[PDB]
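>
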Amino acid sequence: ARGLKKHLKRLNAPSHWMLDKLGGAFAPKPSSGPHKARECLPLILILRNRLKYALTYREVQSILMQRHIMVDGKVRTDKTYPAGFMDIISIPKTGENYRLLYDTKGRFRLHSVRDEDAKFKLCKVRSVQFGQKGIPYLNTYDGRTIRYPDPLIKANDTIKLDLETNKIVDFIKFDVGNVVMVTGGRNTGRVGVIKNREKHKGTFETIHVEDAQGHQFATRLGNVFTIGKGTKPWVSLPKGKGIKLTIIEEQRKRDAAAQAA
Amino acid sequence: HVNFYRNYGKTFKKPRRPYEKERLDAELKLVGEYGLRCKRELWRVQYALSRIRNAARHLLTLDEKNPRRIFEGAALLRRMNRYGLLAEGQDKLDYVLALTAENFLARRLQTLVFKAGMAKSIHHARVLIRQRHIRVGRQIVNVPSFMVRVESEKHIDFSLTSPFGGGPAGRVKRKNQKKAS
RNA sequence: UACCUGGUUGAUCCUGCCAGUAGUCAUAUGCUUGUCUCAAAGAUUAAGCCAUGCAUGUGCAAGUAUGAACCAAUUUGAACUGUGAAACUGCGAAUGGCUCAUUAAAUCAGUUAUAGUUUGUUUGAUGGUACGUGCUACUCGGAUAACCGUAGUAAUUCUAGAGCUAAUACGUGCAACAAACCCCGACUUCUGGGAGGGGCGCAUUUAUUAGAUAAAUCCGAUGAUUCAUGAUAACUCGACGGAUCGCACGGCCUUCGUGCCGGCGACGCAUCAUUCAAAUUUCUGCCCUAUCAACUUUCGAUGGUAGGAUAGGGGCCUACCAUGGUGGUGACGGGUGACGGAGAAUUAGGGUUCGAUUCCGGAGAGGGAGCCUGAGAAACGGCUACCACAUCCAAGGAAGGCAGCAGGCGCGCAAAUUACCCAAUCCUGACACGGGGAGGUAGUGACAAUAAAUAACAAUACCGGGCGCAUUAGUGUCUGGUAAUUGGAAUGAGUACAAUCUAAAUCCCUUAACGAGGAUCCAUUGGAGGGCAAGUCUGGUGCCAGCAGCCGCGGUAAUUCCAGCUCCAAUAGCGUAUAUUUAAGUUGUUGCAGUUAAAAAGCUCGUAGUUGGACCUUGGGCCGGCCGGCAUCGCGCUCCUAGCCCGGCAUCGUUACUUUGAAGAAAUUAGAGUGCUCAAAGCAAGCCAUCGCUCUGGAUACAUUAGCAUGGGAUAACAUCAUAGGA
RNA sequence: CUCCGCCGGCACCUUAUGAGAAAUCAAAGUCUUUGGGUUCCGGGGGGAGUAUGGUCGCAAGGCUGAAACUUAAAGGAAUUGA
RNA sequence: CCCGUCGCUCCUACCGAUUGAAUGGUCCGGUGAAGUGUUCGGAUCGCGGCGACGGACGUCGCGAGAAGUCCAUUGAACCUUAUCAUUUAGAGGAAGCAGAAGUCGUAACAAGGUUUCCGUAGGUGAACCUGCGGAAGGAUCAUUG
RNA sequence: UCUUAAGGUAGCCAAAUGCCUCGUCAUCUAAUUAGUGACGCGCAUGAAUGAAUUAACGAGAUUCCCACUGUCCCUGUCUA
Ligand SMILES: [Mg+2]
Ligand SMILES: [Mg+2]
Ligand SMILES: [Mg+2]
Ligand SMILES: [Mg+2]
Ligand SMILES: [Mg+2]
Ligand SMILES: [Mg+2]
Ligand SMILES: [Mg+2]
Ligand SMILES: [Mg+2]
Ligand SMILES: [Mg+2]
Ligand SMILES: [Mg+2]
Ligand SMILES: [Mg+2]
Ligand SMILES: [Mg+2]
Ligand SMILES: [Mg+2]
Ligand SMILES: [Mg+2]
Ligand SMILES: [Mg+2]
Ligand SMILES: [Mg+2]
Ligand SMILES: [Mg+2]
Ligand SMILES: [Mg+2]
Ligand SMILES: [Mg+2]
Ligand SMILES: [Mg+2]
Ligand SMILES: [Mg+2]
Ligand SMILES: [Mg+2]
Ligand SMILES: [Mg+2]
Ligand SMILES: [Mg+2]
Ligand SMILES: [Mg+2]
Ligand SMILES: [Mg+2]
Ligand SMILES: [Mg+2]
Ligand SMILES: [Mg+2]
Ligand SMILES: [Mg+2]
Ligand SMILES: [Mg+2]
Ligand SMILES: [Mg+2]
Ligand SMILES: [Mg+2]
Ligand SMILES: [Mg+2]
Ligand SMILES: [Mg+2]
Ligand SMILES: [Mg+2]
Ligand SMILES: [Mg+2]
Ligand SMILES: [Mg+2]
Ligand SMILES: [Mg+2]
Ligand SMILES: [Mg+2]
Ligand SMILES: [Mg+2]
Numbered sequence: 001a002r003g004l005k006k007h008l009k010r011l012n013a014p015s016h017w018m019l020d021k022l023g024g025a026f027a028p029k030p031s032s033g034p035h036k037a038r039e040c041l042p043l044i045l046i047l048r049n050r051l052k053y054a055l056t057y058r059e060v061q062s063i064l065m066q067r068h069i070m071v072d073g074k075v076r077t078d079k080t081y082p083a084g085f086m087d088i089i090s091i092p093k094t095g096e097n098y099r100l101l102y103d104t105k106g107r108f109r110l111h112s113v114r115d116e117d118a119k120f121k122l123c124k125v126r127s128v129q130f131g132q133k134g135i136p137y138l139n140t141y142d143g144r145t146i147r148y149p150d151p152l153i154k155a156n157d158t159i160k161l162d163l164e165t166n167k168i169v170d171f172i173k174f175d176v177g178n179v180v181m182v183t184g185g186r187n188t189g190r191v192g193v194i195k196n197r198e199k200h201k202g203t204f205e206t207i208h209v210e211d212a213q214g215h216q217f218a219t220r221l222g223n224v225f226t227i228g229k230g231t232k233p234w235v236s237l238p239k240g241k242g243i244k245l246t247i248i249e250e251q252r253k254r255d256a257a258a259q260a261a
Numbered sequence: 001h002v003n004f005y006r007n008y009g010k011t012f013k014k015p016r017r018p019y020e021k022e023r024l025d026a027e028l029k030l031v032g033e034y035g036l037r038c039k040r041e042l043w044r045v046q047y048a049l050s051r052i053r054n055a056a057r058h059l060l061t062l063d064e065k066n067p068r069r070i071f072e073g074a075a076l077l078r079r080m081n082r083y084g085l086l087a088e089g090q091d092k093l094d095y096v097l098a099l100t101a102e103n104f105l106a107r108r109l110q111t112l113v114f115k116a117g118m119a120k121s122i123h124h125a126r127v128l129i130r131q132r133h134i135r136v137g138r139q140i141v142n143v144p145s146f147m148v149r150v151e152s153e154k155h156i157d158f159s160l161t162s163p164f165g166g167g168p169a170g171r172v173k174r175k176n177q178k179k180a181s
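These protein sequence lines are chains R and V, in that order. Counting along the first sequence from 1, when you hit position 246 you're at 246 in my numbering, and nothing is skipped either side. Counting along the second sequence from 1, when you hit position 162 you're at 162 in my numbering, and nothing is skipped either side.
#1: Would you say R:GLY228 and R:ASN178 are within 8 Å of each other, going by their C-beta atoms?
#2: Examine the Cβ distances between the stretch 123-134 of chain V and the stretch 142-156 of chain V and report whether three or more of them are shorter than 8 Å.
#3: Got a sec? Which residues, its chain only, sit under 7 Å from R:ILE63 by beta carbon, not counting five neighbours each side?
#4: Are the CB atoms of V:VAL45 and V:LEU105 nearer to each other than 8 Å?
#5: Find the nearest neighbour of R:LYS195 within the set R:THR206, R:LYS201, R:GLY202 and R:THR188, judged by alpha-carbon distance.
#6: In angstroms with no decimal places, state the Cα-to-Cα distance between R:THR104 and R:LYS244.
#7: Measuring straight from C-alpha to C-alpha, what distance separates V:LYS13 and V:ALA48?
#8: Tell me, please, whether the CB atom of R:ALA258 is closer than 8 Å to any CB atom in chain V?
#9: Going by DSSP, which residues form a beta bridge with V:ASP91?
#10: Determine the direct distance from the alpha carbon of R:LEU122 to that of R:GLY240, and round the result to whole angstroms.
#11: In chain order, what residues of the stretch 105-122 of chain R put their CB closer than 8 Å to some CB of chain V?
#12: At the 8 Å Cβ level, is V:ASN3 part of the contact set with chain R, yes or no?
#13: From the DSSP secondary-structure annotation, give me the bridge partner or partners of R:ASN196.
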């Protein structure tokens with residue numbers, strides 16, 4: 001039409017928001033922000049629909065305008081903020097930290113972390129290039145721009161950032177054999193170790209990953225995300241250690257949980 | 001305008017050939033012998049049977065070791081076993097095709113009341129259902145097509161408010177009593 | 001449920017249609033209607049016309065206050081202290097909503113691309129020189145609304161003038177080094193210089209130069225660039241580089257001087273990136289029509305070059321040149337009662353028909369056309385002009401746009417309230433407070449869909465079939481019923497204390513007392529010849545009235561009409577009309593037929609099209625329990641994957657087909673879990689001692705065609721080692 | 001000219017084990033156990049090979065070719081009777 | 001059983017002089033509102049330089065700035081012709097159908113009383129007749145008698 | 001049924017051929033004895049006395065429409 005669309009209808013909402021169908025006509029319409037806004041969750045979905053600390057739009061407004069809800073080292077009072085992958089959401093009054101990760105079935109969990117693994121975050125880089133006066137800088141998929149990059153940190157790689165020094169402390173070089181976890185598509189959620197990476201001139205680079213227990217799959221580059229060097233992750237995985245389990249297997253889990261009680 | 005989005009569908013289908021002696025008298029056999037309100041209830045039963053048999057037919061079309069086969073084969077079989085609609089040692093996914101509308105009609109709550117006694121008639125069973133006289137665990141049920149599961153079958157019993165099995169006597173009782181007193 | 005039935009005949013076997021049969025989230029209508037849940041509703045005809053009212057405005061501690069108010073109230077110094085209505089300023093009004101008129105490779109879907117672009121905002125990072133002869137900043141302008149006052153006009157958020165007073169409105173204007181380097185350049189000593197002093201932020205444009213290799217001291221990206229970026233010479237009458245606003249005070253004297261100072265924010269300028277997007281754009285795909293075979297091109301058609309314009313590519317436009325572009329693989333043209341898609345109905349499979357409509361995209365706001373502001377508009381709840389329509393006029397003038405909500409007229413077979421509300425879902429603003437006919441709630445609502453009442457149970461009876469002997473009886477078991485017979489039980493329809501529900505009521509769910517004698521708390525719709533279920537009943541009519549989908553009935557004994565009894569099918573539903581699906585193997589690719597039932601061209605040639613004979617090693621083995629790897633009579637590999645000399649390595653014919661993988665919007669459908677009491681549904685909810693919390697789920701599938709990617713080479717097309725110009 | 005055999009012709013006689021509504025057919029078979037390739041062509045009977053348009057022809061006419069409306073049968077094969 | 005003409009009633013469509021008519025579009029040309037951009041233009045309004053002059057004056061500093069106007073460009077809207085398409089009128093001519101209890105015949109079905117019929121040509125009130133060639137869907141599957 | 005040698009065929013028409021006649025109907029016009037197109041029992045149409053059409057052409061005859069005009073309303077004036 002004749003400008004930006006400022007309403008979002010619940011059915012048009014991303015499928016991983018889980019939100020119901022007769023709940024209304026409209027959805028939170030996540031504001032423009034630092035993350036892709038189709039791969040994100042508004043802090044209203046973080047508060048009302050997952051943690052249930054409120055029960056209405058206006059009560060979530062009270063939550064956020066109290067200045068309690070602090071994201072990534074700094075309080076964000078916007079109620080449609082596109083919080084997404086490894087954004088850390090802290091609450092001083094509850095002294096309670098959360099970190100937003102994919103779970104194996106393609107959705108977002110809020111995994112609790114203690115303070116030491118909440119002092120910092122971890123994100124991949126979009127691309128590193130020069131700027132004014134020849135000073136190099138790199139761009140992350142969180143949008144952050146970092147100047148004077150370590151001369152070895154390259155594109156597609158991963159970098160840890162503290163919230164006080166607010167710069168790089170270490171980086172994982174995206175390469176063969178380091179644990180990744182896909183962040184988009186049908187394979188999203190599953191962690192695994194890269195086992196192969198083939199490139200075709202002029203198209204998306206394909207990443208073949210193997211899970212911790214035998215299964216193998218493939219993914220496009222924009223979706224994969226190294227976590228740690230080697231098999232060991234540098235982040236606390238959720239209750240499913242990044243293994244997507246077949247529906248038969250997950251039926252057996254619930255059957256066994258039934259027959260164990 | 002939301003609430004347009006709440007789905008809804010049809011539950012039976014009127015038969016193809018309207019006037020057949022064979023089908024007409026077979027359906028009267030069933031309706032009278034289960035004491036039903038009309039033949040709409042019967043036609044819902046053939047509709048549910050048609051649904052489950054279509055699913056089972058498509059499942060049997062495939063071959064074993066196919067994860068789609070195993071999953072909703074097992075789902076359909078556990079649904080049947082929860083409704084007790086198959087017997088023990090009979091889970092084969094073909095005995096689902098074998099079953100017929102008598103099986104569903106036999107699980108309706110009227111029938112279960114009749115077979116547990118407590119009715120003295122199947123039409124008396126239906127009415128007792130609709131005058132709030134019967135609960136299942138604790139909740140009084142008034143839908144004679146309640147389709148009881150076997151895990152609820154054992155303790156289908158009167159309400160705590162019906163005059164027969166619960167508390168105070170009914171309004172006819174209390175009129176007769178107060179005019180006697 | 002992958003189905004048939006009546007009608008050509010004296011009868012038979014057919015081709016064959018006619019009629020029957022069933023559905024429609026498919027409309028109208030007719031009859032009828034007690035309860036619960038759910039919920040389409042002026043699309044088809046008129047994208048016809050509109051009275052009235054509303055639908056977009058906005059206020060924080062943080063841009064502007066003794067202009068006029070309210071609350072504090074003054075030691076009568078200063079505040080305007082605190083609440084602020086009006087107004088300036090800023091932002092939004094480019095979303096929402098409504099409709100489907102125009103539009104048939106166009107929009108649209110899947111899939112690309114922007115290295116060919118703009119993007120308020122978010123988020124993150126970022127920013128010297130304003131002149132001083134680069135030797136540390138150098139000065140503060142009135143006027144304007146609101147108010148007060150004088151007015152025209154019949155008049156409208158029509159309008160002139162006087163007096164006041166602000167800025168984060170407007171307009172000026174202080175600048176943080178060594179100058180790093182760049183070019184001039186006195187003289188010294190001779191210079192390869194010392195150089196004394198004179199010229200240089202960031203954006204804009206132009207131009208130069210760099211932005212590095214290959215085996216016997218080179219340093220970013222791409223699949224791909226003169227890319228990112230740097231240096232230079234300049235260039236602009238430079239947009240910019242903060243004269244802004246909040247609280248909390250609180251270490252310490254240099255002149256003990258609000259004193260040296262200092263943090264946390266709000267707003268704002270510009271650059272880059274991000275994001276919200278947009279705009280273009282690649283490939284493939286759309287209904288009927290040949291009584292639409294040529295269309296385009298002087299005047300843009302197709303391309304080239306140069307430019308202009310755009311944010312940007314581009315005949316988008318201009319000048320010149322070339323003579324091209326599309327088509328029997330259907331162009332151009334015409335129809336469409338044609339917005340596209342997700343999808344809907346029906347479906348054994350395949351299909352057929354539909355899709356105005358709540359989700360996405362596009363297009364319009366009576367019909368065209370043109371623009372302001374703004375980041376965003378060719379906006380219409382913005383303007384300008386014309387045309388059609390129409391309102392007020394005090395007769396000069398003025399205001400217009402319901403295909404927004406509701407409502408009125410008309411058109412029609414056809415479609416409800418001029419209601420309530422911001423509480424939910426979200427949007428919006430300067431913003432925790434305002435606003436929101438978006439959206440929700442309620443009234444009409446047999447559109448469609450769900451559960452589902454209208455009695456039940458007992459002995460009595462003329463009775464009615466065995467069963468206890470079953471003769472010879474007689475009464476006997478489930479009770480079968482004509483029983484308004486007799487009888488006490490059960491209840492919700494309804495009424496209703498109350499509570500609950502609700503933004504407030506209302507409904508539902510609970511439930512004080514009331515609420516059944518069978519006449520009522522009364523079920524209808526259609527039919528009773530065949531199909532097709534149910535009268536060789538009775539009365540009336542007499543080829544009439546009429547019925548009848550078709551075959552047929554009615555000419556005084558009507559199974560067919562009009563009536564009553566009885567009955568039947570469905571049952572709170574059913575009939576009727578049209579359209580459409582099935583039937584229909586009567587559109588047939590699966591899957592029809594052409595001797596005679598409709599249909600082989602009179603016959604041959606013939607281009608496209610369709611279809612195309614056979615032939616090419618995985619031939620035999622090991623090996624371990626459908627396949628890895630092996631060897632045999634395996635063109636080589638240097639390089640990443642590369643053995644405890646060595647598996648499994650690049651480039652040097654295409655496709656189809658096929659396997660697997662990725663990406664694939666939800667809603668719809670299939671389908672997992674889940675006792676809304678069931679069910680349609682919904683996405684919840686379930687268990688703790690159901691005492692200050694646990695466990696959570698919110699699966700999964702499908703998605704043909706086009707595109708990308710991996711394994712195979714059977715099958716099928718194309719191209720082609722005989723000139724050897726071969727290896 | 002007699003005999004025997006090959007092909008390629010034009011046909012014929014007998015039989016279903018086939019096909020067909022049958023009449024009949026050794027090709028009208030190898031068809032619901034439905035798929036060698038290809039062209040033309042039919043969708044109940046009329047209106048009608050008509051009107052209109054096009055096109056060819058000296059003309060007669062040829063090729064291409066509807067609709068409205070109407071109708072419940074028209075038609076094929078065989079049986080008996082008259 | 002049955003074919004056609006003629007007579008009558010009704011329905012549907014056809015041809016048809018009428019420079020037929022109406023509605024809606026499209027193209028060329030004429031005229032051209034309005035906006036945007038552009039040229040001149042300069043109503044007033046800003047240090048109110050200087051005369052060292054008595055709130056005034058001229059030399060005034062340049063910058064703003066409206067009406068108007070010029071030229072382009074987009075271009076509504078009207079007008080004339082052409083033409084397309086959809087409906088509609090038409091004296092007369094002539095088809096098809098349906099109806100009825102009509103008139104004239106006897107064409108066809110048997111060897112239908114002249115075997116039928118196909119193509120073509122001519123004629124006749126009507127069916128039809130005849131000429132030339134063809135077919136059997138014939139009344140002959142047959143001349144070694 | 002009389003009669004002829006034969007009984008006006010194909011066509012065509014109030015035609016330059018139709019007396020009745022200003023034929024009847026439609027069209028054109030405000031109004032039409034005119035024009036065209038049809039109707040034909042045609043005083044007295046008609047087939048090489050050639051019949052019916054017929055594009056082009058015509059100092060041929062007739063009707064209408066547009067432009068144009070002192071032909072006219074209605075005259076005035078100028079020049080040789
Ligand atoms: Mg919109
Ligand atoms: Mg079928
Ligand atoms: Mg017949
Ligand atoms: Mg008969
Ligand atoms: Mg039918
Ligand atoms: Mg429409
Ligand atoms: Mg309108
Ligand atoms: Mg160019
Ligand atoms: Mg349309
Ligand atoms: Mg839409
Ligand atoms: Mg618009
Ligand atoms: Mg507009
Ligand atoms: Mg409006
Ligand atoms: Mg309205
Ligand atoms: Mg009745
Ligand atoms: Mg009747
Ligand atoms: Mg009757
Ligand atoms: Mg019957
Ligand atoms: Mg009827
Ligand atoms: Mg009948
Ligand atoms: Mg057929
Ligand atoms: Mg034939
Ligand atoms: Mg032939
Ligand atoms: Mg060929
Ligand atoms: Mg036909
Ligand atoms: Mg016959
Ligand atoms: Mg005869
Ligand atoms: Mg004869
Ligand atoms: Mg004969
Ligand atoms: Mg003759
Ligand atoms: Mg003769
Ligand atoms: Mg014969
Ligand atoms: Mg004559
Ligand atoms: Mg005459
Ligand atoms: Mg005249
Ligand atoms: Mg004449
Ligand atoms: Mg004569
Ligand atoms: Mg004569
Ligand atoms: Mg002669
Ligand atoms: Mg003569």
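Just so it is clear, CB atoms sit at the ideal spot from N, CA and C, and this is done for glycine as well.
Per the coordinate set shown:
#1: yes
#2: yes
#3: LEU47, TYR53, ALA54 and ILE69
#4: yes
#5: R:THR206
#6: 5 Å
#7: 11 Å
#8: no
#9: Answer is none; V:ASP91 lacks a bridge partner.
#10: 20 Å
#11: none
#12: yes
#13: R:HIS208
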